[PDB]
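Sequence positions, counted from 1, serve as the residue numbers for this chain. Whatever order the structure lists them in is the order used to number ligands and atoms, beginning at 1. For the numbers below, each heavy atom of this structure counts, side chains included, while hydrogens, waters and symmetry mates do not.
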Amino acid sequence: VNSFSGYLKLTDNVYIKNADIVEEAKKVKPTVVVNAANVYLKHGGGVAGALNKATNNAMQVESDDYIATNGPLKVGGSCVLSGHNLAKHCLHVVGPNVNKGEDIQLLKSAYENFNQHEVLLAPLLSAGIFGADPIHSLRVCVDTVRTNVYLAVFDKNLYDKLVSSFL
Ligand SMILES: CN(CCC(=O)O)c1ncnc2[nH]ccc12
């Protein structure tokens, strides 16, 4: 048993809810929250800017030190950093950004990072402002992630569309 509440069960291991991932993280304090990162860990908008703002910019300070030491992530890659006041850990995962021209086949590689963690609170990757079809992103998630994933879908109307269209 875990602390996640009000999720619809899609599969053996994937759950979904209409929720702000920031508010969900603050309430649950999960072991792992996933950030929808870019390779530079520049947290400007969407999940990254919202998560970073909720940490009072501590996520960005930590991320800048990580990049100064290690250089950029790969598209499809990840790193584990602090969860600050939101979670024990933040798994920063880089899905492909369609609005920058990246290979959508890299979305599966991105979701494979989740399999290194038993339980995660996460957003849909590569959708929203990254520009991918969220219905596709949910299908890749279900077909790739084997660990227990709790998906927070910010957009109300999209949540309803994802549930109604789920196969
Ligand atoms: C943007 N995005 C993913 C798109 C969606 O889920 O519709 C988010 N996902 C979950 N929580 C969030 N808080 C702020 C944004 C945000």
Side-chain angles (χ1 to χ4, degrees), residues 2-11 13-26 28-60 63 73 75-76 78 81-100 102 104 106-108 110-111 113-114 117 119-145 147-166:
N2 67 48
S3 165
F4 289 108
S5 185
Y7 287 70
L8 172 69
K9 178 173 184 54
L10 292 175
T11 69
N13 67 295
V14 179
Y15 297 80
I16 195 164
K17 182 182 182 180
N18 177 203
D20 181 353
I21 197 172
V22 174
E23 289 313 311
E24 197 75 4
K26 278 199 275 198
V28 175
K29 285 288 240 88
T31 306
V32 181
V33 66
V34 172
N35 182 32
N38 59 53
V39 295
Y40 305 109
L41 302 178
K42 286 192 10 165
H43 313 311
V47 171
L51 290 170
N52 175 60
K53 178 179 178 191
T55 76
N56 180 43
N57 211 51
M59 178 179 283
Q60 190 64 68
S63 293
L73 300 176
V75 180
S78 69
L81 290 174
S82 182
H84 300 278
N85 53 315
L86 302 177
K88 188 174 198 289
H89 303 290
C90 180
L91 180 70
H92 295 271
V93 180
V94 184
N97 191 323
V98 179
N99 300 323
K100 306 176 173 168
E102 299 169 350
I104 195 59
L106 289 169
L107 185 55
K108 189 171 182 74
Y111 276 116
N113 297 287
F114 287 28
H117 302 279
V119 183
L120 316 87
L121 171 63
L124 262 209
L125 295 176
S126 294
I129 69 175
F130 273 71
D133 173 6
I135 295 170
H136 175 68
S137 180
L138 180 53
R139 182 31 62 189
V140 177
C141 180
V142 157
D143 292 347
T144 305
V145 179
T147 57
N148 295 322
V149 57
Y150 288 84
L151 293 170
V153 177
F154 181 68
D155 189 285
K156 175 29 92 135
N157 180 293
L158 174 59
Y159 174 80
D160 286 346
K161 179 174 151 113
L162 283 169
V163 169
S164 291
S165 59
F166 184 70

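- Residues forming a side chain to side chain donor-acceptor pair (under 3.5 Å) with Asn56 (at least two apart in sequence, or on another chain): none.
- For ligand 1, the polar-atom distance check against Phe154 finds a nitrogen or oxygen pair separated by under 3.5 Å.
- The shell of residues lying under 4.0 angstrom from ligand 1, judged by heavy atoms, includes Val153.
- Near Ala152, meaning under 4.0 Å from any of its heavy atoms, are these atoms of ligand 1: 6 (O), 9 (N), 10 (C).
- At distances below 3.5 Å, at least one donor-acceptor pair connects side-chain atoms of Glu102 with backbone N or O atoms of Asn97.
- Between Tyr150 and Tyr7, the ring-plane angle classifies as perpendicular under the 30° and 60° cut-offs.
- Counting non-hydrogen atoms of neighbouring residues, nucleotides and ligands closer than 6.0 angstrom, the NZ atom of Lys100 exceeds 12 such neighbours.
- In this comparison of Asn157, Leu124, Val47, the heavy atom closest to atom 9 (N) of ligand 1 sits on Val47.
- Side-chain atoms of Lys17 come within 3.5 Å of backbone atoms of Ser5 as a donor-acceptor pair (strictly under, hydrogens ignored).
- Atoms of ligand 1 lying under 4.0 Å from at least one heavy atom of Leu158, given by number and element, are 7 (O).
- Listed by number with element, the atoms of ligand 1 under 4.0 Å from a non-hydrogen atom of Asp155 are 5 (C), 7 (O).
- Residues satisfying the ring-ring contact (aromatic ring centres under 6.0 Å, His included) test with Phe114, not counting sequence neighbours, are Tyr111.
- If you check which protein heavy atom lies closest to atom 13 (N) of ligand 1, you get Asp20 OD1, 3.0 Å.
- When heavy-atom distances to ligand 1 are checked against a 4.0 Å cut-off, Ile21 comes that close through both its backbone and its side chain.
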